[PDB]
Structure formats: C-alpha cells, structure tokens
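Okay, input-v8.cif is below, mmCIF, C-alpha atoms and all ligand atoms:
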data_start
#
loop_
_atom_site.label_atom_id
_atom_site.label_comp_id
_atom_site.auth_asym_id
_atom_site.auth_seq_id
_atom_site.Cartn_x
_atom_site.Cartn_y
_atom_site.Cartn_z
CA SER J 1 0.00 0.00 0.00
CA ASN J 2 3.00 2.33 0.65
CA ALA J 3 2.11 6.05 1.02
CA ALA J 4 -0.40 6.61 -1.84
CA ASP J 5 -2.56 7.87 1.08
CA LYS J 6 -4.78 10.84 0.10
CA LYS J 7 -3.62 14.08 1.82
CA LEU J 8 -7.25 15.38 1.82
CA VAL J 9 -7.47 17.80 4.80
CA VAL J 10 -11.07 18.14 6.16
CA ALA J 11 -11.98 20.88 8.66
CA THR J 12 -14.89 21.45 11.08
CA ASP J 13 -15.89 23.77 13.98
CA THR J 14 -14.76 22.75 17.50
CA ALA J 15 -18.35 22.85 18.88
CA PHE J 16 -21.50 23.02 16.67
CA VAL J 17 -24.61 20.89 17.43
CA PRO J 18 -26.01 18.89 15.78
CA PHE J 19 -23.38 18.86 12.99
CA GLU J 20 -19.88 18.52 14.56
CA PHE J 21 -19.88 18.16 18.40
CA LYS J 22 -17.76 16.20 20.93
CA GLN J 23 -19.72 13.33 22.55
CA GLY J 24 -17.98 10.34 24.19
CA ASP J 25 -14.39 11.46 23.49
CA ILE J 26 -15.28 11.47 19.76
CA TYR J 27 -16.52 14.30 17.50
CA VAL J 28 -19.98 13.30 16.16
CA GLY J 29 -22.78 14.91 14.12
CA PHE J 30 -24.55 15.10 10.73
CA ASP J 31 -21.58 16.57 8.79
CA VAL J 32 -19.11 13.91 10.11
CA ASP J 33 -21.44 11.06 9.05
CA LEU J 34 -21.97 12.78 5.65
CA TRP J 35 -18.24 13.07 4.88
CA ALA J 36 -17.73 9.45 5.99
CA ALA J 37 -20.47 8.27 3.59
CA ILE J 38 -19.11 10.38 0.70
CA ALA J 39 -15.59 8.98 1.30
CA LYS J 40 -16.87 5.37 1.07
CA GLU J 41 -18.08 6.04 -2.49
CA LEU J 42 -15.13 8.25 -3.49
CA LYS J 43 -12.75 5.78 -1.71
CA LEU J 44 -10.51 8.62 -0.35
CA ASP J 45 -8.69 8.97 3.01
CA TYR J 46 -9.60 11.96 5.25
CA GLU J 47 -8.06 13.70 8.30
CA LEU J 48 -10.59 15.94 10.13
CA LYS J 49 -8.82 19.15 11.33
CA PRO J 50 -10.88 20.96 14.06
CA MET J 51 -10.65 24.80 14.18
CA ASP J 52 -12.82 27.87 14.92
CA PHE J 53 -15.12 29.04 12.07
CA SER J 54 -12.89 32.14 12.22
CA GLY J 55 -10.00 30.34 10.47
CA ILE J 56 -11.93 27.83 8.33
CA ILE J 57 -12.10 29.96 5.12
CA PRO J 58 -8.82 31.83 5.86
CA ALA J 59 -7.18 28.38 5.87
CA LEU J 60 -8.98 27.13 2.72
CA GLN J 61 -7.59 30.29 1.04
CA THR J 62 -3.97 29.15 1.61
CA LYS J 63 -5.33 25.58 1.02
CA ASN J 64 -3.84 24.68 4.45
CA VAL J 65 -7.05 22.62 4.17
CA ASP J 66 -8.38 20.74 1.09
CA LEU J 67 -12.07 20.50 2.13
CA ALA J 68 -14.30 21.76 4.99
CA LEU J 69 -17.69 20.45 6.15
CA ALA J 70 -19.04 22.78 8.87
CA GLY J 71 -22.31 24.74 8.96
CA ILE J 72 -21.09 26.71 5.91
CA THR J 73 -24.28 28.11 4.28
CA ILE J 74 -24.11 29.02 0.56
CA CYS J 75 -23.42 32.74 0.21
CA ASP J 76 -22.39 34.53 -2.99
CA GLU J 77 -20.27 37.10 -1.15
CA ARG J 78 -18.01 34.38 0.25
CA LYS J 79 -17.66 32.81 -3.25
CA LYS J 80 -15.01 35.54 -3.89
CA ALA J 81 -12.64 33.52 -1.63
CA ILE J 82 -14.02 29.92 -1.71
CA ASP J 83 -16.38 27.67 -3.74
CA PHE J 84 -19.33 25.58 -2.49
CA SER J 85 -20.96 22.32 -3.69
CA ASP J 86 -24.68 21.47 -4.00
CA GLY J 87 -26.21 21.95 -0.52
CA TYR J 88 -26.69 18.91 1.78
CA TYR J 89 -29.32 20.34 4.19
CA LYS J 90 -32.33 22.72 4.03
CA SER J 91 -31.72 25.49 6.64
CA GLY J 92 -34.37 27.93 7.96
CA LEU J 93 -36.67 28.71 10.94
CA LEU J 94 -39.20 26.09 12.14
CA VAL J 95 -41.95 26.38 14.83
CA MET J 96 -42.16 23.98 17.81
CA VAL J 97 -45.58 23.58 19.48
CA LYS J 98 -46.73 21.24 22.24
CA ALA J 99 -47.96 18.17 20.32
CA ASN J 100 -51.38 18.58 22.01
CA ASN J 101 -51.58 22.02 20.31
CA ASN J 102 -53.80 21.06 17.33
CA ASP J 103 -54.94 24.73 16.99
CA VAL J 104 -51.65 26.25 15.63
CA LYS J 105 -50.38 24.99 12.22
CA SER J 106 -48.16 27.82 10.85
CA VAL J 107 -46.48 31.19 11.66
CA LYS J 108 -49.62 33.14 10.64
CA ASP J 109 -51.68 31.24 13.26
CA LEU J 110 -49.42 32.98 15.84
CA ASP J 111 -50.98 36.46 15.54
CA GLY J 112 -51.88 37.38 19.14
CA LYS J 113 -49.88 34.65 20.97
CA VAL J 114 -46.59 34.22 22.91
CA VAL J 115 -43.53 33.10 20.87
CA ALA J 116 -40.20 32.29 22.61
CA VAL J 117 -36.99 33.24 20.71
CA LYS J 118 -33.25 33.49 21.55
CA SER J 119 -31.33 36.80 21.59
CA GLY J 120 -28.98 37.27 18.61
CA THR J 121 -31.03 34.96 16.36
CA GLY J 122 -32.81 35.68 13.05
CA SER J 123 -36.00 34.43 14.71
CA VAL J 124 -36.39 37.89 16.34
CA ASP J 125 -36.61 39.91 13.08
CA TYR J 126 -38.92 37.52 11.22
CA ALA J 127 -41.20 37.86 14.28
CA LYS J 128 -40.55 41.60 14.78
CA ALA J 129 -41.92 41.93 11.23
CA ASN J 130 -43.68 39.01 9.49
CA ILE J 131 -45.36 38.03 12.82
CA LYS J 132 -47.84 39.95 15.04
CA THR J 133 -47.04 38.74 18.60
CA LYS J 134 -48.75 39.92 21.83
CA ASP J 135 -45.35 39.23 23.51
CA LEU J 136 -41.84 38.31 22.23
CA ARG J 137 -39.89 36.49 24.97
CA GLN J 138 -36.24 37.14 23.99
CA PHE J 139 -34.24 34.63 26.09
CA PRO J 140 -30.41 34.36 25.95
CA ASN J 141 -30.62 30.52 25.68
CA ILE J 142 -33.30 28.43 23.86
CA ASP J 143 -33.11 25.74 26.57
CA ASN J 144 -35.06 28.11 28.86
CA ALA J 145 -37.50 29.03 26.05
CA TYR J 146 -38.16 25.28 25.74
CA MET J 147 -39.10 25.28 29.44
CA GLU J 148 -41.62 28.10 28.79
CA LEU J 149 -43.33 25.94 26.13
CA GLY J 150 -43.15 22.93 28.50
CA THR J 151 -44.83 25.12 31.16
CA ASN J 152 -47.35 26.40 28.57
CA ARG J 153 -46.08 29.87 29.54
CA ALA J 154 -45.61 30.28 25.76
CA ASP J 155 -47.66 29.09 22.75
CA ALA J 156 -44.71 28.03 20.56
CA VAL J 157 -40.94 28.48 19.99
CA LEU J 158 -39.14 29.83 16.87
CA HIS J 159 -35.54 28.67 16.18
CA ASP J 160 -33.29 26.99 13.55
CA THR J 161 -35.09 24.01 11.94
CA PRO J 162 -32.03 21.75 12.61
CA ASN J 163 -31.99 22.54 16.37
CA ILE J 164 -35.79 22.34 16.90
CA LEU J 165 -35.69 18.90 15.23
CA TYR J 166 -32.68 17.46 17.15
CA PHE J 167 -34.57 18.21 20.40
CA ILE J 168 -37.99 17.00 19.15
CA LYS J 169 -35.95 13.75 18.80
CA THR J 170 -33.38 14.06 21.66
CA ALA J 171 -35.10 14.52 25.08
CA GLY J 172 -38.36 15.32 23.21
CA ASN J 173 -40.51 12.28 24.18
CA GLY J 174 -43.70 13.94 22.82
CA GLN J 175 -45.37 17.19 24.02
CA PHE J 176 -43.27 18.81 21.22
CA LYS J 177 -44.15 18.78 17.46
CA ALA J 178 -43.20 20.83 14.37
CA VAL J 179 -45.76 22.63 12.14
CA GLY J 180 -45.65 24.10 8.61
CA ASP J 181 -42.38 24.35 6.66
CA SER J 182 -38.89 25.89 7.08
CA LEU J 183 -39.21 29.67 6.60
CA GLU J 184 -36.38 31.93 5.32
CA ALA J 185 -34.88 28.72 3.87
CA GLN J 186 -31.16 28.43 3.01
CA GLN J 187 -28.78 25.56 2.04
CA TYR J 188 -25.66 24.17 3.80
CA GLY J 189 -22.73 23.07 1.60
CA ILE J 190 -19.12 21.75 1.58
CA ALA J 191 -16.51 24.46 0.86
CA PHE J 192 -13.61 23.69 -1.54
CA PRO J 193 -10.62 26.06 -2.12
CA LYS J 194 -10.78 28.04 -5.41
CA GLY J 195 -7.80 26.01 -6.73
CA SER J 196 -9.61 22.66 -6.29
CA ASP J 197 -12.21 22.24 -9.10
CA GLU J 198 -12.61 18.56 -10.15
CA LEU J 199 -12.43 17.46 -6.50
CA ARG J 200 -15.51 19.72 -6.14
CA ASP J 201 -17.47 18.33 -9.13
CA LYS J 202 -16.46 14.85 -7.95
CA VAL J 203 -17.96 15.52 -4.49
CA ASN J 204 -21.03 17.15 -6.13
CA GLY J 205 -21.68 13.91 -8.05
CA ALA J 206 -21.02 11.90 -4.88
CA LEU J 207 -23.76 13.86 -3.01
CA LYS J 208 -26.16 13.53 -5.97
CA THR J 209 -25.60 9.74 -5.73
CA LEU J 210 -26.05 9.43 -1.97
CA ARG J 211 -29.27 11.53 -2.22
CA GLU J 212 -30.15 9.44 -5.32
CA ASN J 213 -29.38 6.35 -3.23
CA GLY J 214 -31.29 7.99 -0.36
CA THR J 215 -29.44 6.63 2.72
CA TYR J 216 -29.50 10.36 3.68
CA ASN J 217 -33.08 9.72 4.96
CA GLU J 218 -31.76 7.23 7.58
CA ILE J 219 -28.98 9.68 8.65
CA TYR J 220 -31.67 12.42 8.68
CA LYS J 221 -33.67 10.18 11.04
CA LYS J 222 -30.61 9.65 13.29
CA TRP J 223 -30.15 13.41 13.83
CA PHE J 224 -33.07 15.57 12.59
CA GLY J 225 -35.57 12.67 12.81
CA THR J 226 -38.25 11.83 10.19
CA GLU J 227 -38.30 14.67 7.58
NA NA I 301 -50.16 21.14 28.25
#

In structure tokens, what does this structure look like?
Ligand code: NA
Amino acid sequence: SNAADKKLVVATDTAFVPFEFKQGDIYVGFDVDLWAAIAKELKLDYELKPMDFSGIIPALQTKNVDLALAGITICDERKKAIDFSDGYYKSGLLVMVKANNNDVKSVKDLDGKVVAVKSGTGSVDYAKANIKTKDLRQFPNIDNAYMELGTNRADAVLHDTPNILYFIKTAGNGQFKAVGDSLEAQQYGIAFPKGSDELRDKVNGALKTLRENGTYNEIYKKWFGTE
C-alpha cells in the first residue's frame, strides 16, 4: 500500500450541534457522518482538522485545508474567496408547538400569541416583522424558552429548523411537534478552495448519488428525525 494515502485535509468547527460536536471522546454529528459516507463512495482517506469558524475559510484560502464540512451556508459574497458544492441540508426557521396544540399549524396562526426566541437569532426579526405577537420572549438561551413551552407559559418556539428537530428527537418524548415548513430557507454546503475544481465536481456527483441512493433519509432520522 506504501504512502499513496490521500492528503485530503477536512476541517470542522470545535463545537457546533447537531453537525460537529464532541460526545464520548469522539466528534460526532450530521456533517461527520456525511463526509464518511461520501468517502466510502469516493474511496478517499480523510483527516478531520478541528478549528474555529474564524479560520476555516482563511485556511482554505492558503489551502492549508483541502475541504471543509461545517455549517457553511451558501453565500455569494463568500464565493469571492471559496467555492461551495450542491447543498446537503435545508436550513431555515421552524416552529415547535406542544404536540397537544392542534390549533396552531403555521407562523400566521401565531398572531396574538406568545412566541419564545433566543437573543442574537434571526428568529427575532422575522417575528418583529412578518409576525404579530402579543409578547416576544427574547431569552439568551433556547433551553429556557423550551421550558416556557413545556410550562405552557408560551404558545410556541421559533428557532433553527435543525436545532428544533434534534430536540424533538433528543429529550423530546412527545409534548413537542413541528408545524408548517422551514421559513427563510437556506442551504448548507461543503466548501472547496478556489484552486480545487474537479475534487468539487467529484464531491457534487457523490452527493447527488447518496441523495439518489437515499441513505440520507436514515442519517436524517438519526439526527433531525423523520423529515
Ligand atoms: Na399542556
């Protein structure tokens, strides 16, 4: 076998649930599983390099890294320094309601209710504008906003569709459902250095295949649950 080993350098954020987080002395998450599955098909060898989002692109610029799979969302401004592949996840804001809440079904059914959000999120603006709330409970951590819904001190919560789902699944055990569809949708994608080009198209085809194959659904169930 000698040293024909692929020097592919992969990079992720130190802490970022539920995509790349440390659990059981091993980084775990959706993005890790995705790159593992892609590799199987592409038959390439990877070496995850953990760093702060601050240096992810800066590094890709000098190609100190050859690929990066964090929560990089497709953005044309950034394309001046890097290049993205077809997205692997639909981002956006979702609405959690107690499962027994069969009255609310969407964000427009919230006019005149209590919606819990987190400070420094995009949930605030959408609500400050597209929504007519009798009260906006801006908490500094969603965990507490989840309590409010659990104590029916709020009618529903508004936060990233990924997060709301992980919890509906992890420590959800009912009394928590999702309604409607992801608002302000975006797409998450792998980021390849400008120099790399075929490696990109190769990975693009790989993702088309795995989504064509559809094992993504099972991985989706493991993290974000049933679509
Ligand atoms: Na209740």

Can you list every residue of segment 102-203 of chain J that has an atom at most 6 Å from segment 60-80 of chain J, with its nearest atom pair and the distance in Å to one decimal, using all atoms listed in the file, ordered by chain then number, as a tab-separated table?
residue	atom	partner	partner_atom	distance
J:187	CA	J:73	CA	5.6
J:188	CA	J:73	CA	4.2
J:189	CA	J:72	CA	5.9
J:190	CA	J:69	CA	5.0
J:191	CA	J:68	CA	5.4
J:192	CA	J:67	CA	5.1
J:193	CA	J:60	CA	5.2

Using all atoms listed in the file, find each residue with an atom at most 7 Å away from ligand NA 301 (chain I) and format the answer as a list in words.
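Using all atoms listed in the file, everything at most 7 Å from ligand NA 301 (chain I) comes to residues 98, 100 and 152 of chain J.
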
If you measure from atom CA of residue 227 of chain J to atom CA of residue 112 of chain J, what distance in Å do you get, rounded to one decimal?
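Answer for the atom CA of residue 227 of chain J to atom CA of residue 112 of chain J separation: 28.9 Å.
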
Take the point (-8.5, 25.1, 10.0) in the file's coordinates, draw a sphere of radius 10 Å around it, and report as a VMD selection string every protein, DNA or RNA residue with an atom inside or on it, counting all atoms listed in the file.
chain J and resid 9 to 13 48 to 60 63 to 68

One residue among J:114, J:104, J:219, J:37 is nearest to residue 132 of chain J when using all atoms listed in the file, and that residue is J:114

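Ranking J:46, J:106, J:222, J:22 by their shortest atom-to-atom distance to residue 5 of chain J, with only C-alpha atoms included, puts J:46 first.
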
File output, segment 91-127 of chain J (N, CA and C atoms) as a tab-separated table (two decimals), in the first residue's frame:
chain	number	residue	atom	x	y	z
J	91	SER	N	-31.74	24.67	5.40
J	91	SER	CA	-31.72	25.49	6.64
J	91	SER	C	-32.99	26.34	6.71
J	92	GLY	N	-33.20	27.05	7.83
J	92	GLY	CA	-34.37	27.93	7.96
J	92	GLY	C	-34.94	27.92	9.37
J	93	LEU	N	-36.06	28.63	9.59
J	93	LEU	CA	-36.67	28.71	10.94
J	93	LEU	C	-37.90	27.81	10.97
J	94	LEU	N	-38.03	26.99	12.00
J	94	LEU	CA	-39.20	26.09	12.14
J	94	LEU	C	-39.93	26.50	13.42
J	95	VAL	N	-41.14	25.98	13.64
J	95	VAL	CA	-41.95	26.38	14.83
J	95	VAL	C	-42.28	25.15	15.66
J	96	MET	N	-41.83	25.12	16.91
J	96	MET	CA	-42.16	23.98	17.81
J	96	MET	C	-43.42	24.31	18.61
J	97	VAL	N	-44.35	23.37	18.67
J	97	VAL	CA	-45.58	23.58	19.48
J	97	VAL	C	-45.81	22.32	20.30
J	98	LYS	N	-46.41	22.46	21.48
J	98	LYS	CA	-46.73	21.24	22.24
J	98	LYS	C	-47.56	20.36	21.31
J	99	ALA	N	-47.25	19.07	21.26
J	99	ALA	CA	-47.96	18.17	20.32
J	99	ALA	C	-49.46	18.32	20.51
J	100	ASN	N	-49.92	18.51	21.75
J	100	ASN	CA	-51.38	18.58	22.01
J	100	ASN	C	-51.94	19.90	21.48
J	101	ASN	N	-51.09	20.75	20.90
J	101	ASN	CA	-51.58	22.02	20.31
J	101	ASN	C	-52.00	21.76	18.86
J	102	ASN	N	-53.26	21.37	18.68
J	102	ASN	CA	-53.80	21.06	17.33
J	102	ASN	C	-54.46	22.32	16.76
J	103	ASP	N	-54.38	23.45	17.48
J	103	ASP	CA	-54.94	24.73	16.99
J	103	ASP	C	-53.94	25.39	16.04
J	104	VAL	N	-52.67	25.54	16.46
J	104	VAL	CA	-51.65	26.25	15.63
J	104	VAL	C	-51.10	25.31	14.55
J	105	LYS	N	-50.86	25.84	13.34
J	105	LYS	CA	-50.38	24.99	12.22
J	105	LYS	C	-49.29	25.72	11.43
J	106	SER	N	-49.14	27.03	11.64
J	106	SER	CA	-48.16	27.82	10.85
J	106	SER	C	-47.82	29.13	11.57
J	107	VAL	N	-46.94	29.95	10.99
J	107	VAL	CA	-46.48	31.19	11.66
J	107	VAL	C	-47.57	32.26	11.63
J	108	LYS	N	-48.56	32.11	10.76
J	108	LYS	CA	-49.62	33.14	10.64
J	108	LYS	C	-50.69	32.85	11.69
J	109	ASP	N	-50.72	31.62	12.20
J	109	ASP	CA	-51.68	31.24	13.26
J	109	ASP	C	-51.12	31.70	14.60
J	110	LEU	N	-50.10	32.56	14.58
J	110	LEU	CA	-49.42	32.98	15.84
J	110	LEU	C	-49.85	34.41	16.19
J	111	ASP	N	-50.58	35.06	15.30
J	111	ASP	CA	-50.98	36.46	15.54
J	111	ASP	C	-51.73	36.51	16.87
J	112	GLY	N	-51.21	37.26	17.83
J	112	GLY	CA	-51.88	37.38	19.14
J	112	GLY	C	-51.56	36.22	20.07
J	113	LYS	N	-50.30	35.78	20.10
J	113	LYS	CA	-49.88	34.65	20.97
J	113	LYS	C	-48.51	34.97	21.58
J	114	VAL	N	-47.93	34.00	22.30
J	114	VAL	CA	-46.59	34.22	22.91
J	114	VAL	C	-45.59	33.31	22.20
J	115	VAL	N	-44.55	33.90	21.60
J	115	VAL	CA	-43.53	33.10	20.87
J	115	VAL	C	-42.18	33.30	21.57
J	116	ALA	N	-41.50	32.20	21.91
J	116	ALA	CA	-40.20	32.29	22.61
J	116	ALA	C	-39.07	32.25	21.58
J	117	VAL	N	-38.13	33.20	21.66
J	117	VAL	CA	-36.99	33.24	20.71
J	117	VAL	C	-35.70	33.36	21.52
J	118	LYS	N	-34.55	33.30	20.85
J	118	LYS	CA	-33.25	33.49	21.55
J	118	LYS	C	-32.66	34.82	21.09
J	119	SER	N	-31.98	35.53	21.98
J	119	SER	CA	-31.33	36.80	21.59
J	119	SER	C	-30.25	36.52	20.55
J	120	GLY	N	-30.06	37.44	19.60
J	120	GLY	CA	-28.98	37.27	18.61
J	120	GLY	C	-29.32	36.22	17.58
J	121	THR	N	-30.61	35.92	17.41
J	121	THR	CA	-31.03	34.96	16.36
J	121	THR	C	-31.77	35.72	15.26
J	122	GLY	N	-32.02	35.06	14.13
J	122	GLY	CA	-32.81	35.68	13.05
J	122	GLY	C	-34.28	35.46	13.31
J	123	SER	N	-34.59	34.68	14.34
J	123	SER	CA	-36.00	34.43	14.71
J	123	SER	C	-36.62	35.75	15.15
J	124	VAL	N	-35.85	36.61	15.81
J	124	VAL	CA	-36.39	37.89	16.34
J	124	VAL	C	-36.97	38.72	15.20
J	125	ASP	N	-36.15	39.03	14.19
J	125	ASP	CA	-36.61	39.91	13.08
J	125	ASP	C	-37.84	39.31	12.42
J	126	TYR	N	-37.75	38.08	11.92
J	126	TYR	CA	-38.92	37.52	11.22
J	126	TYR	C	-40.16	37.83	12.06
J	127	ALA	N	-40.05	37.62	13.38
J	127	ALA	CA	-41.20	37.86	14.28
J	127	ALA	C	-41.46	39.36	14.41
